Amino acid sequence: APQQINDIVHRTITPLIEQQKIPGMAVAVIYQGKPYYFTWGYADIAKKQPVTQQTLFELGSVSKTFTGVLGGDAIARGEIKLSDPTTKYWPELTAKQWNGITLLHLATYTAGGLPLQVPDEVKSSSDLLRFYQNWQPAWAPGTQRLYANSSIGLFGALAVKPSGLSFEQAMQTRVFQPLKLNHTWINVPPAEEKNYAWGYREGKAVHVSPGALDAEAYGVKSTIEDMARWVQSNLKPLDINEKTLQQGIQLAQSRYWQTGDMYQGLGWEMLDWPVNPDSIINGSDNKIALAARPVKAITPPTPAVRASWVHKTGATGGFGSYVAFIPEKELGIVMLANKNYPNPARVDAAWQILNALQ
């Protein structure tokens, strides 16, 4: 790595780990389409296992980007349409509040107030049906955005139905494999457990708990190497051989709604570059990120814009992640940590680094 990248990365990350008391962390900077790695501390404190380029971290909601791209791919294959009613793929969803709710609304959190979390009691398949049948929207479709696992997780579940494949089989066959993300998992296999870092919450070692729609909304675990490949693939979809995947990536990066200075794609969120740092830094704080906000439709949607700061934060009880990239600049960053620390601190560090590199 050029001394310049090494310099900004270490001068930015070192203080971060110290002030946030982060046990372990891995960072990847993609500069001119080439990846450079950095690792710090521990993946498992007790057994003194250091973080390495093979350490698996829980991505949390960064998993939503994979779900968005998998849905985009399904659209490109002509298996589903974002214009399709939710009921077309789940006829059992007969309650009338579901009438004007399309796959687009589910994918972009604009269905009308679906909750950030699926209740813990909802476990079985019929459990899930009852939950959505009983849900009472607080707003009409397409008027308010409320970041929700129950919205995009359902989008992910329905989107793979015409394929005949299970969500994880679809994700493996159509996204991970074609992209060579060979150490990216929804269920980590026994043989790879040795690379699975522990997350830390108040000194306690923890891992994400299973839950309804978890694979779709926050269940991916991955390495800093696989994540840098994910960033490269999203920075340059044109150089992806599988046609429907290249398209799916562009569809996930298209602008569907605008809220403040942000635009909602499928999983990914974007802003026009150059961007005002405080706009992305303050916007990443949950007081704003998780708040209900009115949206303006982009009719029709704007196709992926090269000059964008495309990003997504992610967290589990024990991990904190962040991905951001500027296509026009062939520049990107991945930050994986085994401690959930505040989003603003993550975006500011990413900003400090990327602004320095170009």
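Quick note: we count residues from 1 along the sequence shown, nothing fancier. So that the term is clear: the rigid core is the largest set of C-alpha atoms that superpose within 1.5 Å between two forms.
- The rigid core fit leaves 290 to 298 as the farther-lying stretch in 9 other deposited structures of this protein, judged by Cα positions and set against 290 to 298 and 312 to 320.
- Compared with other PDB entries of the same protein, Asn149 is present in all of those that resolve the residues around it, none of them, let alone a third, dropping it.
- Compared with other entries of the same protein, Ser83 falls outside the group left without coordinates by a third of them; all model it where both flanks are modelled.
- When the two stretches 276 to 284 and 245 to 253 are set side by side, the higher mean Cα temperature factor goes to 276 to 284.
- For the two regions 61 to 69 and 48 to 56, the entry's Cα B-factors average higher over 48 to 56.
- Of the candidates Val231, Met270, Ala107, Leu128, it is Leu128 whose Cα B-factor is highest according to the PDB record.
- Considering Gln32, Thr313, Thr316, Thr302 together, the PDB entry gives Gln32 the largest C-alpha B factor.
- Per the PDB record, residue ranking by Cα B-factor puts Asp226 in the lowest third of the chain.
- When the CA B factors of the chain's modelled residues are split into thirds, the value for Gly199 lands in the middle one.
- Among all modelled residues in its chain, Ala350 ranks in the middle third by Cα B-factor.
- Among the modelled residues of its chain, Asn182 has a C-alpha B-factor that falls in the middle third, as given in the PDB entry.
- Among the modelled residues of its chain, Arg145 has a C-alpha B-factor that falls in the lowest third, as given in the PDB entry.
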